[PDB]
């Protein structure tokens, strides 16, 4: 048997800070104003506005990702096939994971629009993605010749259409890598873990045990860098090969209280 993994992105800048882009950018020059912010930010076609719509990970989000990769390495588990949602936070999580794993640099992050989160009409969000070349320029090890399974527009979709996207991409990834037999990881969003379970269960013949896809099956999102694991064939949910994680918060010190 081989492993298929699903990993939620790490801690997000936009959820950790307030109006960070206007605070940190003086004109078009980014200034790091907190130790948990990125050291620098790569150019992107959408400018600093792109980063408002498409947040980076914090330093801790990179670290969270690296700890998972390190956990896999310690467990003696290799990875060959890495797919990420096109959201910057997911690509960066993939990279931090690869860094912790010490994967050979020939292992590339394949950016797969099939893995992007639900484009809910009730939550119109600005969609802005960095291109493979822009992500490589940033120093991310992205596959420049990967042709994705799913082509996605910027428009809202139904829930059915969403789950079909994810299922096509995940099942195609698993099917296409079967001859090689290397381990697979999907790096995406909180929902990705449940999508992986649904997709791989649906590869069996008998559909009687298979539950319909639901948004909102659970009330809370799985934590940052939550790791789900299956082994197969046949595909079964199992304990991942490294432990889970927990960290606490830490607020921002104001030196002026020292008077």
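Positions refer to the first chain, counted from 1.
Mean CA temperature factor is higher for 205 to 213 when stretches 205 to 213 and 31 to 39 are set side by side in the entry. Taking the PDB entry as given, 143 to 151 carries the higher mean Cα B factor of the two stretches 143 to 151 and 130 to 138. The entry assigns its greatest Cα B factor, within the set 92, 112, 180, 167, to 180. Sorting the modelled residues of the chain by their CA temperature factor places residue 123 in the highest third. Among the modelled residues of its chain, residue 64 has a C-alpha B-factor that falls in the lowest third according to the deposited record. Among the modelled residues of its chain, residue 58 has a C-alpha B-factor that falls in the lowest third according to the deposited record. Placement of the Cα temperature factor of residue 159 within the chain: highest third of the modelled residues, per the deposited record. Among the modelled residues of the chain, residue 10 sits in the lowest third by CA temperature factor in this PDB entry.
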